[PDB]
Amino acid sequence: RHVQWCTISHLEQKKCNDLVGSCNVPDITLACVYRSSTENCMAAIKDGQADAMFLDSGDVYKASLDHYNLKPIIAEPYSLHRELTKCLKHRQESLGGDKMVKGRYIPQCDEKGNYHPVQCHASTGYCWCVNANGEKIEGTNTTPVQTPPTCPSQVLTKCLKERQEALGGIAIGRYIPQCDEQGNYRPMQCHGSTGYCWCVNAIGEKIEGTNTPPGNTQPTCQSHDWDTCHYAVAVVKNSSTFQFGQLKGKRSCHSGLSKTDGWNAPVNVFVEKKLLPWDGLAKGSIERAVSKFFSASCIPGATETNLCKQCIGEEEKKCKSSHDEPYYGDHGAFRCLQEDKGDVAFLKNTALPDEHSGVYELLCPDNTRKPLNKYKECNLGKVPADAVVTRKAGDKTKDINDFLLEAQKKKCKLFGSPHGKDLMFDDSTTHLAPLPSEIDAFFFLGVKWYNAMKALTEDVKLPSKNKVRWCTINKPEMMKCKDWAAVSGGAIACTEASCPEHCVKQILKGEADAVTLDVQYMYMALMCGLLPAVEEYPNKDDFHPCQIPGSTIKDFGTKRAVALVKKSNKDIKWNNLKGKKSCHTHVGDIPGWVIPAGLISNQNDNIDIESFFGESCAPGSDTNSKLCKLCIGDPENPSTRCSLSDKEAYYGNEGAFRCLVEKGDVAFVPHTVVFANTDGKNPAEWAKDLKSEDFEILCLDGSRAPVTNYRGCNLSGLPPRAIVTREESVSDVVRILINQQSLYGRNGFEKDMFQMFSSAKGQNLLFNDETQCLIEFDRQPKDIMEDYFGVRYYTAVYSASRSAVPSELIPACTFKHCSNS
């Protein structure tokens, strides 16, 4: 196994070559491939000449476009503010679940708010070991008949870990970090031998401008600093006296044309302050307008002559996006100011001097100047993290992650070098961790910074707030949507994707505006930040909420999952279904499987619904399991048993009701199946005048109820299907869809020209054909999960937690960003 690292300079290739010698990662060999600039390396990676490089967030965006097709895979974790610990968050969630779902696991936290390494489930007496995230170490479960397991201690905090490491087995003459009672870093740190002191934030990163030799006054250190985003700054010497608003005509040093801190951040502010006569691409290129602003500059990678005049690279190296240009990058631009080739340098806080005292200070955009350690209040914006990138195909992602994880374990010299600063990686880097597997540049940079860097390259025509771009998941849907657009007078347009999750992505990225989602995609949509705009109202018995919008809705008409038993079976209650014989409509059904499997899992320590029951029928399971024993294949015997077809006599709503009456004690079905198959409503012989007053439903409190009281004695009601959009577009989509409904709904004034809720092109296109109308979602002041799902369903299926991961998109779309206001 090989990893080929692309380097951009002779200096960086030197450091990479040293790593090949010094860093011994078994199973994976590093090699180094030289190219002359950042862009030549991007192309080398695209072409397979190399596998990975580290990119500034501005280059991350550039590499993500079709020219190069690279994606970020590894970056340093950062933090925006202090958060609740995980254990305390989990406690709060589960205590907010549905109290009628009895016997749920409530985590046990310790005096620092972490998980006790032994976790227990009160109602079952089972204990197990957990990791720091509170996730069960599988195979450590012990039963109440046994003593609690012996679980290893939790991993130490960063500060306590690095303290114990530094001590080895007192470490004389070396820094030993000082930790607070919570095990985080004390704000002030001192070197126990040199006498120097400085400030750190809560995770131990140094605050620049605070390093203090002994005998001097130290700057005040802020406590509880969890904002570890990097900030773009403008740095100047204290011997000059201009302010930010007087930058016109000065000499400037920039980290580089493609860097977010050297280009995007300052240009963004130059434009917001109208220091720059530029606003759109009709006014020329931004680089040209900047060329008219400064007199001479060093901006590596530029083409305008004055914007390279101040660089000092020899011959073809001059003004190259490469360390062979001595003024390239953050520490290059600072050097350019130091040697007085510029009056101001544009870089980021992590490249500022460590020492408090000296000739440098910060130029604030509000036309004041402030000390180096005040960058959080004197900056040109937070900027995104930087990242290691590879091909979008990801053929080398695992080898790159393995190598860097193991090199970091062995403490290889990744993050400094005698040959120079910021070679291969930023010298300020401390750890590189893998990014979510579905991350791309949009989700890594965040919509705000992504749009901001797009905005400097093209005129981004924002689509109209009076048009809803509907996202379709198959060709018949697209055709029905084009017919809607033709009568809509421009209010409706169409986009095409392959599945609902890709529609969610398009809505997030501003390529579409709305889509109808089945219940099973809503957790993912709500977790990514979309909101229900309107919902499908399916109650055929009441059209009043559809006639007069805004009206009160007595019953929304959604199905309610119930547990169905015969009145003859007086001994069975909810609390004793273990080992009984159960009938499921099929594996994957929500009212007959997901809702029951969720409740069994929450009350029995995730013990399989397979093992929970005795002999059952659940079409879709493997034919050899105890979930197919009750399954009667086909009356016309063929290889049709436990099958996902009407071949299986026990498949579906009515089929599970068969399995109950024939050979079973309980069936999980919607509340409608019994009424559709009793009172002689089904002609078949087995339901021969079978009486609705011959069955009951099981309540979760151990009681029972006649099947007519499904409203207050159900496993869980389902939520309606929902039309979701971005938070800011809810009001638009509601207004447009309600107007369309008055024209083309079931009582539409123009229903002869188009019908929203049916079609000849197929079934349930865009909306479900049984929809009565779309009802605006009345947002309540509670968690959106509880608001949309209802507490019962949220608890039953997701444990009332925001931490389930039904889709691998969720970790990408919830990734946190470094954006401004």
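So that there is no doubt, residue numbering starts at 1 and follows the sequence shown.
The deposited sequence places 1 to 3 unmodelled residues between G169 and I170. Unmodelled residues of the deposited sequence between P214 and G215: none, the chain being continuous. Between the stretches 692 to 700 and 527 to 535, it is 692 to 700 that shows the larger average CA temperature factor. Comparing 672 to 680 with 384 to 392, the higher mean C-alpha B-factor in the PDB entry belongs to 672 to 680. The PDB entry assigns the greatest CA B-factor among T368, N238, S252, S551 to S551.
Residues shown: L423, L80, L435, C713. Highest C-alpha temperature factor in the entry: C713. Ranked by Cα temperature factor within the chain, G58 sits in the lowest third according to the deposited record.
Ranked against the other modelled residues of its chain, the C-alpha B-factor of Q780 as given in the entry falls in the highest third. In the deposited entry, the Cα temperature factor of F657 places it in the highest third of its chain's modelled residues. When the CA B factors of the chain's modelled residues are split into thirds, the value for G280 lands in the highest one.
Annotation for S639: CA B-factor lies in the highest third of the chain's modelled residues.
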